[PDB]
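First up is the structure itself, then whatever we jot down about it.
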Amino acid sequence: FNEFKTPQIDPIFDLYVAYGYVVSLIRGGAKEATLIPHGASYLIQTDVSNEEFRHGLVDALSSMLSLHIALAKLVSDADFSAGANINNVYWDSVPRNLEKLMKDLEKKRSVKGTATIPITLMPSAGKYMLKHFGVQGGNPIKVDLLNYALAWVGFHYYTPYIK
DNA sequence: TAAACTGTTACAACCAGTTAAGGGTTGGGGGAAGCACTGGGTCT
């Protein structure tokens with residue numbers, strides 16, 4: 001077994017990245033696996049280290065890009081781009097994020113940077129956050145690229161939305 | 001000089017007959033179903 005560790009942020013985005021983990025594992029096999037909910041941890045029990053998790057993730061990401069291209073800068077009708085996203089800036093940030101993910105996680109190498117977190121994935125996300133008196137010039141909260149992609153795939157594939 | 005004795009207190013028939021107990025006609029029209037105010041990202 002591997003006991004894939006999942007960081008704790010909030011039981012909305014954390015459940016989204018858990019959905020991404022479980023969908024990536026079920027994509028490509030991963031038999032005799034289970035999901036153990038720990039309030040917010042939402043851990044996975046599977047007997048594999050990393051082969052089929054990569055296979056399922058790349059398959060799901062290829063399907064993501066295909067759906068984005070099929071749907072119509074690079075605004076489309078995709079759920080993960082404009083079907084649920086309320087910001088016009090997201091309609092262009094999602095294509096570039098997916099393109100960067102394609103350029104990064106295809107030659108068997110890890111990620112190198114991070115990304116912002118949107119309202120749809122986590123309602124508690126915003127560029128203005130106070131610490132003691134006021135807010136900063138940027139956003140202290142950041143999400144890893146792999147975690148961001150898994151949250152995106154979980155949001156588009158699992159949670160339902162009404163527009 | 002006395003102060004109603006007694007059989008009797010209605011019988012019998014019958015105790016609504018029929019007919020219909022709404023007929024019709026319309027069962028919300030017609031408008032609107034939040035107007036703004038608060039914008040979140042990515043860059044210089």
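The way I read the labels, and the way they are meant: chains A, B, ... in the order of the structure tokens, residue 1 as the first residue of every chain, and ligand 1 as the first ligand shown, with later ones counted on from there.
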
Give me, as a ChimeraX atom specification, the contact residues of chain B against chain A at a cut-off of 12 Å, counting only C-alpha atoms (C1' of nucleotides). /B:39-43

Keeping C-alpha atoms (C1' of nucleotides) for every residue in the selection just given, could you write it to a file as a PDB file, in the first residue's frame?
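The resulting file, out_26.pdb, is reproduced below:
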```
ATOM      1  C1'  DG B  39     -15.904  42.875  -9.485  1.00  0.00           C
ATOM      2  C1'  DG B  40     -11.389  39.187  -9.293  1.00  0.00           C
ATOM      3  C1'  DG B  41      -8.242  38.077 -11.300  1.00  0.00           C
ATOM      4  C1'  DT B  42      -3.049  39.433 -13.784  1.00  0.00           C
ATOM      5  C1'  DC B  43      -0.105  42.153 -14.679  1.00  0.00           C
TER       6       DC B  43
END
```

Please, which residues of chain A, numbered as in this document, come out alpha helix (DSSP H) from DSSP, as a ChimeraX atom specification? /A:13-26,52-70,90-104,145-157

Find the distance between CA of residue 141 (chain A) and CA of residue 11 (chain A) and write it in Å to one decimal. 15.6 Å

Would you mind listing what lies within 10 Å of residue 44 (chain A) as a list in words, with only C-alpha atoms (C1' of nucleotides) counted and same-chain residues fewer than 6 positions away left out?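 Neighbouring residues, sequence-local ones excluded: residues 1, 2, 3, 4, 5, 6, 18, 21, 22, 25, 33, 34, 35, 36 and 37 of chain A.
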
For the selection you just gave me, I'd like the residues written to a file as a short mmCIF file (atom, residue, chain, number, x, y, z; two decimals), in the first residue's frame, keeping N, CA and C atoms.
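Now in again_8.cif:
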```cif
data_model
loop_
_atom_site.label_atom_id
_atom_site.label_comp_id
_atom_site.auth_asym_id
_atom_site.auth_seq_id
_atom_site.Cartn_x
_atom_site.Cartn_y
_atom_site.Cartn_z
N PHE A 1 0.83 -1.20 0.00
CA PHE A 1 0.00 0.00 0.00
C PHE A 1 0.86 1.26 0.00
N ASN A 2 0.23 2.40 -0.20
CA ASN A 2 0.94 3.68 -0.25
C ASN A 2 0.39 4.70 0.73
N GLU A 3 -0.92 4.72 0.96
CA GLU A 3 -1.57 5.66 1.88
C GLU A 3 -1.27 7.11 1.48
N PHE A 4 -1.80 7.46 0.31
CA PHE A 4 -1.58 8.78 -0.28
C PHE A 4 -1.97 9.88 0.70
N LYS A 5 -0.97 10.66 1.13
CA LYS A 5 -1.22 11.75 2.06
C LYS A 5 -1.90 12.91 1.35
N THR A 6 -2.84 13.55 2.04
CA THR A 6 -3.58 14.69 1.50
C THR A 6 -3.52 15.83 2.51
N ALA A 18 -9.55 15.26 -3.02
CA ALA A 18 -9.81 13.85 -2.77
C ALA A 18 -10.56 13.22 -3.94
N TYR A 21 -8.03 12.68 -6.61
CA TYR A 21 -7.22 11.50 -6.30
C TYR A 21 -7.97 10.22 -6.65
N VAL A 22 -9.23 10.11 -6.20
CA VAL A 22 -9.96 8.87 -6.38
C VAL A 22 -10.29 8.64 -7.85
N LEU A 25 -7.16 7.43 -9.54
CA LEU A 25 -6.87 6.04 -9.20
C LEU A 25 -7.82 5.08 -9.90
N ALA A 33 -9.38 -1.06 -3.56
CA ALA A 33 -9.09 0.23 -2.96
C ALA A 33 -10.32 0.76 -2.25
N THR A 34 -10.10 1.68 -1.32
CA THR A 34 -11.20 2.27 -0.56
C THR A 34 -10.88 3.72 -0.22
N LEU A 35 -11.93 4.46 0.11
CA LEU A 35 -11.82 5.85 0.54
C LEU A 35 -12.21 5.93 2.01
N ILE A 36 -11.30 6.41 2.85
CA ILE A 36 -11.54 6.54 4.28
C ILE A 36 -11.74 8.03 4.58
N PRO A 37 -12.96 8.45 4.94
CA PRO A 37 -13.17 9.86 5.30
C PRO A 37 -12.78 10.11 6.74
#
```

Selection: 9 Å around residue 68 (chain A), only C-alpha atoms (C1' of nucleotides), excl. self and same-chain fewer than 2 positions, as a VMD selection string: chain A and resid 63 to 66 70 to 72 75 to 81 95

Within 9 Å of residue 15 (chain A), counting only C-alpha atoms (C1' of nucleotides), which residues qualify if same-chain residues fewer than 5 places away don't, as an MDAnalysis selection string? chainID A and resid 10 20 40:42 151 154

Based on the selection just made, write N, CA and C atoms of those residues as a short mmCIF file (atom, residue, chain, number, x, y, z; two decimals), in the first residue's frame.
```
data_model
loop_
_atom_site.label_atom_id
_atom_site.label_comp_id
_atom_site.auth_asym_id
_atom_site.auth_seq_id
_atom_site.Cartn_x
_atom_site.Cartn_y
_atom_site.Cartn_z
N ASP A 10 -9.48 22.93 3.75
CA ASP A 10 -10.87 23.21 4.04
C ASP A 10 -11.73 22.09 3.47
N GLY A 20 -10.36 14.26 -7.02
CA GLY A 20 -9.35 14.13 -8.05
C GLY A 20 -8.47 12.91 -7.85
N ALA A 40 -11.90 15.76 7.34
CA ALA A 40 -11.32 16.60 6.31
C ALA A 40 -10.16 15.96 5.55
N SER A 41 -9.50 14.95 6.12
CA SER A 41 -8.35 14.34 5.45
C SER A 41 -8.77 13.64 4.17
N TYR A 42 -9.79 12.78 4.25
CA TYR A 42 -10.34 12.07 3.09
C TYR A 42 -9.25 11.26 2.38
N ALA A 151 -8.21 19.11 -8.15
CA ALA A 151 -9.41 19.82 -7.72
C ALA A 151 -10.28 20.19 -8.91
N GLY A 154 -11.99 16.97 -10.19
CA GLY A 154 -13.05 16.59 -9.27
C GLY A 154 -14.25 17.51 -9.35
#
```

Separation of CA of residue 46 (chain A) from CA of residue 32 (chain A), in Å and rounded to one decimal: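 That distance, rounded to one decimal, is 6.8 Å.
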
To one decimal place, how far is CA of residue 73 (chain A) from CA of residue 123 (chain A) in Å?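 CA of residue 73 (chain A) sits 25.9 Å away from CA of residue 123 (chain A).
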
Residues of region 14-160 of chain A in strand (DSSP E) according to DSSP, as a PyMOL selection string? chain A and resi 34-36+43-45+114-115+143-144

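The closest residue to residue 83 (chain A), picked from A:102, A:120, A:140, A:16 and counting only C-alpha atoms, is A:120.
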